[PDB]
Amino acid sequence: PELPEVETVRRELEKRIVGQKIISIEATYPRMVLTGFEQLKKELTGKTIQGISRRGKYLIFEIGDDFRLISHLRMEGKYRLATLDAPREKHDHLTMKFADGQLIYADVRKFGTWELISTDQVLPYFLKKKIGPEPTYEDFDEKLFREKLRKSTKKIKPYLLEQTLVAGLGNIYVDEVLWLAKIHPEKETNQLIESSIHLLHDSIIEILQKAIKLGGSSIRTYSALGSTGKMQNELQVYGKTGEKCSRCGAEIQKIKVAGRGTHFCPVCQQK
């Protein structure tokens, strides 16, 4: 998932598990807890969920008085709230059991990660990750954004995917953002003029906030959290190869940029 999807999951979790006391924690794939599963099990069992936050694409469980469980869903991670008697599913790896139900984490590719740290280690953790600003008008400063773009020869799509210029963009929204801003994914950032950088800046914020509003892009997913999204119906280019651009009518093309599938309109996004 990307920022919008993670935020959707965050909101659902906040509304449903905050105030819940963890009865037990079990794992069929303990190796995904980078800080040690048995240690996390011992530390969190019996503690209560106080809140759920997010930074970039990272989900943050606030548990007990000073515990912070950092979860990254990577490519296919999915959470679901199920009954205590719910049958096990092939790719379920961890479960946080409460008195009236359980939170199950599943990940087909096993990329997702869990890390238990303390409240005062959160900010340092993200500084070490070098995560850029949240995609909001208040946090995403266009001036710094512009100076970083003017300094680099990197291609705009790969640079945006780094999470350093701004946090939250993944393959879907980076493609949607560049199409909206009329910028070709291979454009070297030092070649972007001020007006283009301004449109890009605003497009990043607008696209992601719209995606959040629509519950993210859900393309399937069972009863998993954040699976009722409607943003997928607003996608203009991602996965639209062969279809016609809604603005000019040209056929959306798909190429490979820095190893990633890339969808764009050759007319609207001049190289």
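Under this definition, the rigid core comprises the largest set of C-alpha atoms superposing within 1.5 Å between the forms. The numbering used is simple: start at 1 and walk along the sequence shown.
Between 241-249 and 35-43, the larger root mean square Cα shift in 4 other deposited structures of this protein, once each structure is superposed on the rigid core, falls on 241-249. Core superposition of the other structures onto this form places the C-alphas of 226-234 farther off in 4 other deposited structures of this protein than those of the other stretch among 226-234 and 57-65. When the other compared entries with both flanking residues are checked, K213 is modelled in all of them, not unmodelled in a third.
Of the two stretches examined, 33-41 and 221-229, the record assigns the greater average C-alpha temperature factor to 221-229. On average the C-alpha atoms of 145-153 have higher B-factors than those of the other stretch, with 172-180 and 145-153 being the two compared. Take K110, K78, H198, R88 and read off each C-alpha B-factor from the entry; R88 has the highest.
Looking at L214, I204, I70, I52, the one whose CA carries the top B-factor in the deposited record is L214. Ranked by Cα temperature factor within the chain, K57 sits in the lowest third according to the deposited record. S118: CA B factor in the middle third of modelled residues in this chain (values from the PDB entry). When the CA B factors of the chain's modelled residues are split into thirds, the value for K256 lands in the highest one. Ranked by C-alpha B-factor against the other modelled residues of its chain, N190 falls in the highest third. Among the modelled residues of the chain, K130 sits in the highest third by CA temperature factor in this PDB entry.
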